[PDB]
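# Fold and geometry: a report
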Amino acid sequence: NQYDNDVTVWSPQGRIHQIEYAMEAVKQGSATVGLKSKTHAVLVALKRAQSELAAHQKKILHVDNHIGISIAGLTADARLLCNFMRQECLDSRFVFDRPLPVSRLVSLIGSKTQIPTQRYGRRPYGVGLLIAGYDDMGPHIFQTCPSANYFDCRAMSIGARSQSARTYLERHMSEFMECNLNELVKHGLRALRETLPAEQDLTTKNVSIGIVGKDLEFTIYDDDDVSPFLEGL
Amino acid sequence: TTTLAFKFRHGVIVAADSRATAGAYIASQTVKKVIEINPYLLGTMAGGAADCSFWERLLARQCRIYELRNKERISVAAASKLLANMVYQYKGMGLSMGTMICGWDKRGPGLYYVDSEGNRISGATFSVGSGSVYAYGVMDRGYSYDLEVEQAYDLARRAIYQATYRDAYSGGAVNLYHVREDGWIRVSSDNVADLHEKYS
Amino acid sequence: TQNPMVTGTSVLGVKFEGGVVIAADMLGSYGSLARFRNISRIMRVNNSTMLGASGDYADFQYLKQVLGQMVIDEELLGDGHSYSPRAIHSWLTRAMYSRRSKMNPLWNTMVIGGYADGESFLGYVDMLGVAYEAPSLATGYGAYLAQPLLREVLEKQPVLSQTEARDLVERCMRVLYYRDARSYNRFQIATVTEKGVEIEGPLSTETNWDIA
Amino acid sequence: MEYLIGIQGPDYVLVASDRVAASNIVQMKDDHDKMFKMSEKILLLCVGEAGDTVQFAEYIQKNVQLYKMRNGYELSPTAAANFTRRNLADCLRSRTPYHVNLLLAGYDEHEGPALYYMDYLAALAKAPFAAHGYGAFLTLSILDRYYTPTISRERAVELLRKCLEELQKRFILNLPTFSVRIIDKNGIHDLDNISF
Amino acid sequence: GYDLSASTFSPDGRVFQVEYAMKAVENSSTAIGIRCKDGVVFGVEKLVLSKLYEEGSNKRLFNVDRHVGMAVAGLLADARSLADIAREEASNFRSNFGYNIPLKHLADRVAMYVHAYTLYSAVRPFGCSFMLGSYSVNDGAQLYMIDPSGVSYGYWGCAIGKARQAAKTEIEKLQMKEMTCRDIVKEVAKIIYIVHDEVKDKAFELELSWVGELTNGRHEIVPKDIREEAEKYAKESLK
Amino acid sequence: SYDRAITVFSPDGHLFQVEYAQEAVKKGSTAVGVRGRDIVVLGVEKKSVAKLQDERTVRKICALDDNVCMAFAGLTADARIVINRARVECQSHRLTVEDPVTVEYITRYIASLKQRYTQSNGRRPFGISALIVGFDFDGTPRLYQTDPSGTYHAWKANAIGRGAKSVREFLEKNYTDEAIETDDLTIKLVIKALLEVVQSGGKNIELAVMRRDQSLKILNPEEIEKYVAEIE
Amino acid sequence: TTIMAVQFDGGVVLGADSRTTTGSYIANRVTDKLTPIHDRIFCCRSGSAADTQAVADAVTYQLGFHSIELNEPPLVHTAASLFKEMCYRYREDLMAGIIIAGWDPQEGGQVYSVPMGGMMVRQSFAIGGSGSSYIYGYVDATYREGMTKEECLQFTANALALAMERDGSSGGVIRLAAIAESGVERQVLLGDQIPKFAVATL
Amino acid sequence: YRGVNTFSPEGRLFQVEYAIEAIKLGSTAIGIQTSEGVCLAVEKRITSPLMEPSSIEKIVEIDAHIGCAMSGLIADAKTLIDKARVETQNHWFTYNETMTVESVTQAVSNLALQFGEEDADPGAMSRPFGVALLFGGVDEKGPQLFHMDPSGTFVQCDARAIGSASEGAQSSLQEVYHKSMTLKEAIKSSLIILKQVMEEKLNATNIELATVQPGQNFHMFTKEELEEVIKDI
Amino acid sequence: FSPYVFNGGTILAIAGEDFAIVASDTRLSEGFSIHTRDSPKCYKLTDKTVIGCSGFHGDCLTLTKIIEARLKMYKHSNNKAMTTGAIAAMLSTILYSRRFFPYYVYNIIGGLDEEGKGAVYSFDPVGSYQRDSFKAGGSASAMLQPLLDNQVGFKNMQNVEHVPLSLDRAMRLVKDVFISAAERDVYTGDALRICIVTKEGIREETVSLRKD
Ligand SMILES: CC(C)C[C@@H](C=O)NC(=O)[C@H](CC(C)C)NC(=O)[C@H](CC(C)C)NC(=O)OCc1ccccc1
Ligand SMILES: CC(C)C[C@@H](C=O)NC(=O)[C@H](CC(C)C)NC(=O)[C@H](CC(C)C)NC(=O)OCc1ccccc1
């Protein structure tokens with residue numbers, strides 16, 4: 001019980017326990033799904049409220065006109081990362097007058113998130129991200145971890161009870177490329193529904209959707225704005 | 001420009017013109033040269049338009065913070081000292097700013113003159129601007145601590161009007177303010193052209 | 001650079017149907033002295049961008065080193081994204097403006113030509129951060145001598161062919177040699193099209209009538 | 001320019017100063033006060049560039065009062081004068097010099113009355129009498145002619161009047177009113193203003 | 001408690017923190033690199049953790065410079081950080097001296113940077129091993145490998161990861177000193193398939209890169225057609 | 001620069017370094033303060049004269065300004081540092097605001113300083129509690145208390161230091177408008193409260209009195225003995 | 001000051017005058033203006049004596065450490081690059097014009113010019129200094145491609161002699177140095193050894 | 001041992017968990033949001049009769065349209081309140097507008113959790129703030145009530161109770177609160193619950209009540225108003 | 001080395017009951033030469049706000065980019081778009097931040113206020129700003145202003161009804177003032193770009209002026 005108190009301490013098995021715990025934080029978070037087609041990248045998140053009289057915590061944030069994120073973990077760390085991403089996107093537009101490519105933005109995140117995991121007194125970022133964006137290379141979906149590692153995905157889910165969602169995405173992965181925007185969103189909602197604990201249904205109060213496309217700047221749908229998508233499932 | 005303020009029995013009267021020039025060109029004739037720092041505090045602007053507007057606004061923010069922290073309105077002396085200290089850091093760097101701080105504090109009506117050159121003094125009557133010399137003559141001859149409210153309004157309007165008549169860089173409308181125990185009130189805004197007809 | 005030492009003269013540029021062409025002589029003048037007569041003042045920024053520069057040559061070499069390094073770094077990623085002529089033009093404007101603001105300017109006037117997405121680009125950047133895009137450009141004395149000829153033709157005919165643009169550039173280069181005291185007879189022509197960037201060898205203004 | 005004058009007697013210090021605050025050929029104030037109360041027995045008379053005088057004098061005043069509050073006793077006039085010179089000299093070569101001319105007057109129980117002279121270069125001198133400003137040129141000779149070490153305070157005020165009358169008759173600037181104060185073993189006493 | 005920091009020697013003179021870092025490198029999938037006459041070839045056994053990952057995700061082959069490649073094993077996050085350091089070292093060299101950094105010099109600079117992280121308690125050792133390869137006409141093909149401890153050596157054929165020992169045995173029979181890159185690519189693919197364990201790991205994707213005369217001295221990914229031929233050859237060999 | 005987190009939370013949400021600082025205040029000598037109608041009185045119990053110490057240099061009652069004074073209970077060295085910081089702030093407030101400080105303002109300043117030391121890096125909490133009394137410019141008497149935690153409150157009458165619970169209990173029952181009716185009656189209330197804990201009385205207690213316009217005044221031993229005699 | 005460097009097949013030839021002046025006074029009349037940066041790498045200095053000496057010393061330190069680290073002989077281009085980097089960065093503080101000439105296995109004899117401002121350029125032959133302005137026509141008229149080492153030595157000697165004759169800031173003796181794979185051969189032409197051209201008399 | 005930036009096996013920062021535990025030691029505070037306005041109530045919890053209740057300021061005004069209620073380590077909240085006031089005035093100075101309640105809560109929450117030990121600052125905060133804040137105000141969106149915790153997480157809530165009696169105060173708020181509730185009903189309901197949870201008998205001197213309405217500014221009830229409401233209550 | 005150069009340009013803004021017009025010429029020049037003839041000084045900021053910047057083009061581009069960045073920062077933080085008044089207040093602070101190295105730029109913001117009515121804000125180089133009903137700035141500011149005061153302001157005219165300004169009358173007035181200015185001001189007169197802000201959106205029109 002002496003190798004799990006610092007991030008600069010390797011364990012005998014060649015594992016850093018502090019990083020493992022940070023990965024365990026995002027697991028306690030709430031579920032969120034992200035998928036892409038030939039034209040669009042979609043983020044659907046399940047928001048939960050601490051109390052019945054409290055508003056559901058927001059999970060999808062703006063980064064730029066072509067990039068958005070879904071968070072799962074420590075919100076304070078999420079805002080710190082979101083702030084960093086926005087500045088990087090702004091700097092690219094200011095210097096090159098051009099949107100920052102999604103992959104290059106993700107690489108910057110990994111570099112920033114890696115530094116804390118190697119210095120004494122620092123801690124990993126306790127937040128996972130699902131980055132959805134559109135660039136000259138087409139739609140993109142990325143996944144980030146408290147360990148400074150990222151994966152270019154075609155459909156991913158993170159958060160509590162997200163394995164049931166990942167099971168659905170793998171089963172129907174073959175259809176996402178050639179489906180329309182309405183069909184693609186419904187696929188994201190159906191997966192999120194699987195994560196839900198049986199006696200509970202998707203509602204306009206707990207579902208938030210984020211869409212980015214070829215000719216569609218990143219937009220967030222919440223509250224009654226989600227009703228058109230839910231109608232049909 | 002011509003700004004003017006004096007203390008009398010029923011508070012302090014503040015008056016100014018509304019002209020801003022860029023060299024010999026009349027940039028505007030509707031400039032508000034009196035800043036409502038607080039419902040009980042006023043500030044006048046003379047010199048650089050940008051310098052005056054920025055530093056008065058900075059003073060207004062500082063005064064508001066002071067009230068929130070201390071749960072009591074800042075005094076006129078403290079507000080003028082705040083402005084004097086803020087602008088003294090940039091002494092000799094080219095700031096042009098001549099201000100009068102007018103209000104009603106716990107000690108009573110107050111009138112302080114603060115200049116970017118570092119001057120900070122209090123007095124019964126003050127006049128700042130290019131036309132200040134002209135407004136001093138009219139104000140000095142007609143001023144009395146026992147003036148009636150209506151008389152004080154007329155003296156302030158006349159002093160500004162005469163200054164606009166003799167000073168090329170002063171003109172527009174005469175904005176008049178009156179600070180009382182329960183706060184300041186916007187008395188009137190009379191155009192110089194209309195005043196010229198009334199006085200002649 | 002507070003005071004330039006070795007400087008290049010005017011640089012020309014004009015865009016045609018499907019590309020852009022830039023010209024500049026190979027001469028570094030050390031204040032009324034044709035000191036270095038075989039220096040190329042045109043650079044291949046990348047596969048779809050080329051850059052000519054006037055003013056201090058050392059500052060031009062510095063920008064060559066910096067800009068060349070960035071292009072290398074972008075190619076290392078291999079993610080399918082490459083700097084466009086507009087992106088390079090934007091980067092140069094910021095670099096020039098920032099140096100001017102710090103009061104340590106890069107004493108240069110640069111012309112950026114490129115061709116991407118089936119669209120031609122031609123941009124200008126001064127040492128003070130002034131930038132814009134025009135159908136034709138001419139820095140230095142080219143603004144007084146060569147620009148009137150290019151503008152007159154382009155107003156008559158908005159769209160030119162590659163051959164017409166090349167002939168127009170050669171005529172302007174001839175005029176500059178006649179009337180510019182800091183010009184040289186050997187010059188280069190760089191062209192960017194869908195096939196990339198090609199730089200022509202040390203051409204000479206052979207057509208030089210001297211009927212006195 | 002402003003005017004300061006100080007006369008030191010056997011057991012008192014008499015100081016006076018004009019009460020004019022001008023701004024480009026206009027008297028903005030006619031009752032300006034140029035004397036700062038360092039302590040119960042020390043007065044600082046400061047003239048010079050606008051802003052510099054108030055900033056310096058107030059800064060010294062805060063320190064001198066702080067010394068009294070921290071140690072339980074007030075600074076001596078000599079220590080206060082040397083403290084002022086140290087601060088002025090230190091700032092002399094900095095990026096923010098203070099252009100102020102100072103007269104420090106005080107009374108100590110043991111040493112007695114003391115008058116100190118200091119220019120903007122921070123050169124400190126102890127003199128029986130001193131004056132600052134352009135008026136010093138016209139009044140210093142009067143003091144030299146009529147001053148004696150054993151001058152009574154009644155005679156000192158008369159001698160001060162002769163100096164101020166000379167300013168009215170021969171000086172070019174308009175200095176109608178003068179603040180007057182005296183320091184002795186009982187503290188600082190404010191006398192009637194000398195007016196014309 | 002002698003193994004809790006990199007700034008303490010064990011009683012017998014061992015830095016356990018460094019040793020544990022190597023242990024982490026020993027849990028990754030194998031990655032091999034073979035030097036030949038023409039140039040250098042790299043190969044990596046990329047396991048597909050989930051079918052939801054895009055092909056090419058978490059690529060373990062990098063181009064630190066236009067003429068230098070890089071293969072890595074172990075913690076991927078640390079590897080990417082070292083790749084950024086190598087790029088910085090290569091770029092700084094060109095700006096200061098005006099020509100491409102020699103591979104030996106680049107390996108030395110990165111190795112010292114790695115070694116600086118095994119001396120203090122304020123940081124931890126990089127938990128990753130990587131290999132640098134390049135080819136120049138003047139210097140020829142060159143291949144290097146660096147471990148967590150910061151040790152760098154030249155190799156004729158190197159392995160790192162889980163099946164390091166099995167890969168080393170296979171590499172011993174290639175006789176690479178008189179072979180070309182075209183033939184070596186097929187051999188690299190064959191070895192990876194043999195060492196891989198299909199019973200334990202579900203599936204993997206083969207990533208290949210090379211640098212040599214055929215590429216004109218620029219490190220680049222092997223063309224898709226060549227990779228397909230190599231994969232077919234390796235699968236056919238596994239009768 | 002030493003930058004370790006001296007003060008941190010603990011299970012059940014406690015700042016042991018703050019609590020330990022409080023038990024350090026409790027070991028100090030008792031101090032009492034009462035707010036009268038036109039007078040504020042501060043009292044303190046002397047552990048032992050020793051017959052050799054110079055009493056001038058061991059005063060536990062200090063004047064922050066002309067209108068404010070305070071008495072502490074805890075580490076003597078820590079109090080001297082806090083007192084000096086308040087004294088410079090009082091002069092600074094005079095310089096800028098051009099008016100004398102108010103008791104609430106200086107109490108807020110001292111409390112914020114103490115709170116900062118409980119949340120700063122590489123620092124130990126101040127081990128003192130202070131009783132600040134004075135008169136605002138309006139003339140209303142004020143009495144405040146500050147703890148090491150950085151909290152402060154306004155008190156009609158309070159006691160800090162050793163045996164403060166009993167003195168506070170005595171004050172609660174014995175504080176009334178009649179008791180503070182006269183200045184002499186207010187002084188006797190402080191003396192009687194102190195006598196609840198200290199044994200000898202008269203020779204083991206120091207008293208300081210602040211009036212509206214007059215500055216701080218320290219009662220002489222003869223005056224203290226006379227009040228003690230009148231009490232009995 | 002007159003500094004000249006020429007390139008021939010398999011090496012380079014360097015030459016310079018030997019005059020250093022403070023106004024119109026010749027402080028040193030035998031100054032050596034050819035500073036060996038390394039083995040088979042030389043630099044001819046012109047401009048400010050203090051700046052050139054400081055810059056030459058710094059580059060010598062940098063190149064020596066660089067060569068030791070790489071365990072290979074330095075490249076002439078690398079030596080020029082180090083001169084360019086410092087001369088360009090401190091262009092506002094340095095008054096120094098340099099020409100770097102030497103031999104390396106990779107590229108053979110090379111001549112690089114680093115004039116005031118910090119630009120670098122490879123040249124078949126280079127000249128610099130105050131006296132170089134008087135021989136621009138001569139070197140352009142009398143230069144040929146494919147000259148041998150002996151011809152280059154004579155060509156450099158003639159050019160320097162003419163410049164020293166005309167320029168007032170040049171004079172003294174001519175110091176030459178031929179650099180090839182074999183080594184460095186230095187020589188000094190003084191007195192009657194200096195090439196002589198008859199002065200027209202009417 | 002156990003640095004401040006340490007992760008528990010369940011991914012929950014030890015320091016944040018302890019700071020949240022410290023909130024339960026504070027006095028109860030209630031805030032209700034209604035279309036007519038927002039009301040804040042807090043138990044003063046007078047310790048001894050000799051203490052002056054006027055000196056306990058558990059409700060403070062950030063700006064003319066923003067009010068804050070505090071619970072926990074009251075000394076910690078002083079810096080958070082000062083930051084909120086400064087941020088509000090900076091926004092007016094720059095944009096000549098009034099910051100929204102959410103933006104003020106966001107700025108304060110960002111300040112929270114910015115604590116560290118190594119390579120942070122010469123005197124950075126060594127521990128999280130042990131205070132939970134209730135921000136009430138009226139913005140362009142109307143009445144707004146926001147709750148901020150030590151973890152830097154903030155969320156809008158229709159009605160929220162914090163303090164030693166948060167569990168049970170929230171229970172009562174659940175039964176009584178409804179969307180169409182008026183401001184008068186909200187004040188009455190808040191007082192009724194406070195009287196229930198408080199150990200001491202409720203009177204006009206041991207509680208603090210403030211309201212913010214679209215028309216009027218931040219208003220703290222005086223004794224005369226407090227006596228009027230409790231009489232009916 | 002002077003870090004400033006004047007590039008000419010004229011800008012104008014007129015506020016109406018339900019509209020706001022911002023117009024400017026499209027000539028960029030330096031000294032006696034013309035850089036380009038298609039460089040408008042109008043910049044769209046939001047769906048109901050337009051800014052016109054003229055002066056030193058280097059500072060014009062930087063300021064516009066800074067403003068564009070700041071608007072996005074505000075939207076992200078406050079979750080709502082800026083207002084015309086908020087932009088004006090911010091621009092004053094941005095301009096004054098460089099008081100001792102000012103932006104040599106003249107700005108005029110035109111747009112709709114929160115109530116839906118037109119609003120025009122004029123600026124000085126160092127941030128001094130003030131709301132107005134109509135304003136002209138740039139090279140031909142002195143030429144444009146007097147007629148706007150006479151016609152829009154009805155100043156010095158007696159026995160004239162003060163009819164509210166219509167969009168059509170404003171558009172004709174804008175064209176006429178610029179046509180007159182082009183005849184007398186060298187720095188303006190290549191083309192006229194008109195931006196019309198209304199409830200529906202921002203509309204753009206271009207009108208030719210005399211090339212020289
Ligand atoms: C609001 C008042 C300050 C208006 C008025 C009163 O004095 N100001 C003025 O008359 C002064 C000139 C001089 C008399 C100081 N004018 C100004 O300050 C005008 C105001 C604009 C509306 C054009 N602007 C101006 O002169 O700016 C030029 C400038 C450019 C860069 C730095 C500093 C100053
Ligand atoms: C050493 C050569 C490479 C440089 C040499 C050749 O012309 N330079 C010079 O002679 C220049 C000439 C000019 C700048 C006045 N002189 C110089 O650099 C300085 C004068 C300084 C005030 C700048 N001359 C001087 O005092 O030289 C002293 C000296 C004497 C012998 C060797 C080295 C240096």
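What counts as what
- Residues numbered from 1 in each chain as written, not as in the entry; some residues may be left out.
- Chains lettered and ligands numbered in written order.
- Part of a larger assembly, values for the part shown.
- Heavy atoms only, no water.
- Residues with missing side-chain atoms left out of burial classes, pairs and counts.
- Helix = DSSP H or I, 4+ residues; strand = E, 2+ residues; numbered from the N terminus.
- Rg over C-alpha atoms; globule rule 2.2 N^0.38 Å.
- Contact = heavy atoms within 4.5 Å.
- Pairing = 2+ DSSP bridges.
- Axes fitted to C-alpha atoms, helices over the stretch in contact; angles between N-to-C directions.
- Salt bridge = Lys/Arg side-chain N within 4 Å of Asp/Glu carboxyl O.
- Nonpolar A, V, L, I, M, F, W, Y, C, P; charged D, E, K, R; others polar.
- UniProt positions renumbered as here; feature names shortened; annotations may be inferred.

Per the PDB record, this model was obtained through cryo-EM at a reported resolution of 2.8 Å.

### Digging into the overall build of chain G
Of regular secondary structure, chain G possesses 4 helices and 12 strands. Scaling as 2.2 N^0.38, a compact globule of 202 residues should have a C-alpha radius of gyration of about 17 Å, and chain G matches this with 16 Å. Referenced to the eigenvectors of the C-alpha coordinate spread, the extents of chain G come out at roughly 65 × 40 × 25 Å. Of all intrachain contacts in chain G linking residues separated by at least 6 positions in sequence, the fraction that spans at least 24 positions is 60%.

### Some details on the overall build of chain D
Counting its regular elements, chain D contains 4 helices and 12 strands. In terms of overall size, chain D behaves like a compact globule, its C-alpha atoms giving a radius of gyration of 16 Å where 196 residues would be expected to give roughly 16 Å. Considering only C-alpha atoms, chain D reaches an extent of 45 × 40 × 25 Å along its principal axes. Of all intrachain contacts in chain D linking residues separated by at least 6 positions in sequence, the fraction that spans at least 24 positions is 60%.

### Remarks on the sheet that holds strand β7 (residues 105-112) of chain I
Whether parallel or antiparallel, the strands of a sheet pair through hydrogen bonds between backbone atoms. Residue and element names in this part refer to chain I. Ordered by their spatial adjacency, 5 strands build an open sheet running β5-β6-β7-β8-β9, and the pairing between neighbours is antiparallel. Each edge of the open sheet is held by one strand with a lone partner, namely β5 (42-46) and β9 (129-132). Taking each pair of neighbouring strands and ignoring which way they run, the sheet shows an average axis angle of 25°. Sheet topology places strand β8 (residues 118-123) next to β9; 4 bridges connect them, and they run antiparallel. For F123, the partnering residue across the bridge sits in β9 and is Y129. Relative to strand β6 (residues 49-55), helix α1 (residues 57-78) is tilted by about 155°, and along the sheet it contacts β5, β6 and β7. Helix α2 (residues 84-96) rests against β5, β6, β7, β8 and β9 of the sheet, and its axis sits at about 165° to β7.

### Quick look at the pairing of strand β9 (residues 204-212) of chain E
Residues and elements named next belong to chain E. With 9 bridges joining them, strand β2 (residues 39-47) and β9 adopt antiparallel strand pairing. What sits directly across from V41, in β9, is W210. Bridging between β9 and strand β10 (residues 220-221) involves 2 bridges; their strand directions are antiparallel. Its bridge partner being in β10, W210 is matched across the sheet by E220.

### Description of the pattern of salt bridges
Its salt-bridge partner being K173 of chain E, residue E170 of chain E comes within 3.0 Å of it at the nearest N-O pair. Residue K84 of chain G is joined to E85 of chain G by a salt bridge in which the shortest nitrogen-to-oxygen separation is 2.9 Å.

### Details of the interface of chain H and chain F
Facing 31 residues of chain H, the contacting portion of chain F comprises 31 residues. Tallying contributions element by element places helix α1 (residues 14-23) of chain H first for the side of chain H that touches chain F, with 5 residues. Looking at side-chain class alone, the side of chain H that touches chain F contains 16 nonpolar, 8 polar and 7 charged residues.

### Things to note about the interface of chain A and chain H
Between chain A and chain H, the contact holds 24 residues from the first and 28 residues from the second. Elements supplying a minimum of two residues to the side of chain A that touches chain H: α1 (17-28) and α2 (75-96) of chain A. Looking at the side of chain A that touches chain H residue by residue, the classes come out as 10 nonpolar, 9 polar and 5 charged.

### A short note on the arrangement of the chains
A comparison of contact numbers over the 15 pairs of chains in contact places chains F and H at the top. A minimum C-alpha distance of 24 Å separates chain A and chain G, which share no contact. There is no contact between chain B and chain G; across them, the least C-alpha separation is 28 Å.

### Points about unusual backbone geometry
If you check the backbone angles, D117 of chain C has positive phi at about 55° while not being a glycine. Mapped onto the elements, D117 of chain C comes out in the loop between β8 (108-116) and β9 (119-125). Located in the positive-phi region is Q175 of chain E, a residue other than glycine, with phi close to 60°. Mapped onto the elements of the fold, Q175 of chain E is located in the loop between α4 (164-171) and α5 (181-195).

### Structural notes on the UniProt feature "active site" in chain G
Under the feature "active site", the UniProt entry names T1 of chain G. Excluding residues that lie within four positions of it along the chain, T1 of chain G makes contacts with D17, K33, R45, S46, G128, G129, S130, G131, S132, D167, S169 and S170 of chain G.

### Remarks on the sheet that holds strand β6 (residues 142-148) of chain H
Residue and element names in this part refer to chain H. What the 5 strands build is an open sheet, ordered β3-β4-β5-β6-β7; its pairing is antiparallel. Of all the strands in the sheet, just β3 (59-63) and β7 (154-156) have a single pairing partner and so form its edges. Sheet twist, expressed as the mean angle between neighbouring strand axes with direction ignored, is 25°. Sheet topology places β3 next to strand β4 (residues 66-72); 4 bridges connect them, and they run antiparallel. Within β4, the position partnered with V60 by the bridge is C68.

### Observations concerning the environment of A119 of chain I
Residues and elements named next belong to chain I. Relative to the assigned elements, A119 resides in strand β8. For the pair formed by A119 and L167, sequence separation is 48 residues and the distance between their alpha carbons is 14 Å. Each residue touching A119, except ones within four places of it in the same chain, is listed here: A15, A20, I109, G110, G111, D113 and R131.

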